[PDB]
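What follows is a set of notes on a single structure, which appears directly below.
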Amino acid sequence: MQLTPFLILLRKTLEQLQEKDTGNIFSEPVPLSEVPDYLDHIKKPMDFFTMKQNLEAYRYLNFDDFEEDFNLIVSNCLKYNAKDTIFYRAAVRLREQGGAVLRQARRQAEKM
Ligand SMILES: O=c1[nH]ccc2ccccc12
């Protein structure tokens, strides 16, 4: 497999995932200044901006490593927030809508 088309695919996929996060609550790192206890519970914070940075730093050379960090966005949010919150529901919705985006993107990677 060639690097350039793969990274083009991942860029598109990340844009598509970001589109599902309509409130943009996962666009940037959880502000540790406003959520001071966040690192007490969450071992590896993740967000779409950080994913973009990782993508361009060649930290995603296969689909699984890409998907693993997306899954962290979801799981961190489910872990930190109570079930009766907007944030928790948003993570559930992102898991649902994102999974479909991921399945289609992976099929296109596998054709490479
Ligand atoms: O774990 C989180 N992900 C995205 C937003 C957020 C906001 C407050 C607390 C946790 C999170």
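Counting pairwise Cα distances across the chain, what percent come out greater than 25 angstrom?
Of all Cα-Cα pairs in the chain, 21 percent lie more than 25 Å apart.
Quick check: the angle from helix 86-110's long axis to the longest principal axis of the chain, C-alpha only, nearest 10 degrees?
The angle comes out at about 10 degrees.
Pop out the ³J(HN,Hα) list for the range 62-76 in order, Karplus 6.51 cos²θ - 1.76 cosθ + 1.60 with θ = phi - 60°, rounded to Hz; leave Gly and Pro as x.
8, 5, 5, 5, 4, 5, 4, 6, 4, 4, 5, 3, 5, 5, 4
Once both axes come from the Cα atoms, what is the angle between helix 3-20 and the longest principal axis of the chain, in degrees from 0 to 90, rounded to 10?
Here the helix axis deviates by roughly 40 degrees.
Suppose each label sits 7 Å from its Cα in the direction of the beta carbon; what would the residue 97-residue 37 distance come out to in nanometres?
Label-label distance for residue 97 and residue 37, simple model: 3.0 nm.
Nothing charged except the Cβ atoms of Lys and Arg (+1) and of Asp and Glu (-1): what's the magnitude of the dipole of the chain about its Cα centre? Round to the nearest 20 debye.
Using only the charged Cβ atoms, the result is roughly 420 debye.
First select every other residue whose beta carbon is under 14 angstrom from the beta carbon of residue 44; then total the charges, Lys and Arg +1, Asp and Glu -1.
Computed value for this residue: -2.
Could you pull out the pairs from 43/111; 20/43; 44/111; 43/79; 43/83 whose alpha carbons sit more than 23 Å apart here?
Those over the limit are 43/111; 20/43; 44/111.
Go through 27-38, 52-63, 69-80, 4-15 and give me the packing order, highest mean Cβ count within 10 Å leading.
Descending mean neighbour count gives 69-80, 4-15, 52-63, 27-38.
Rule-based calculations on the coordinates, nothing more; no lab input. Note: ideal-geometry Cβ built from the backbone for every residue, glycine included; neighbour counts use all protein chains shown.
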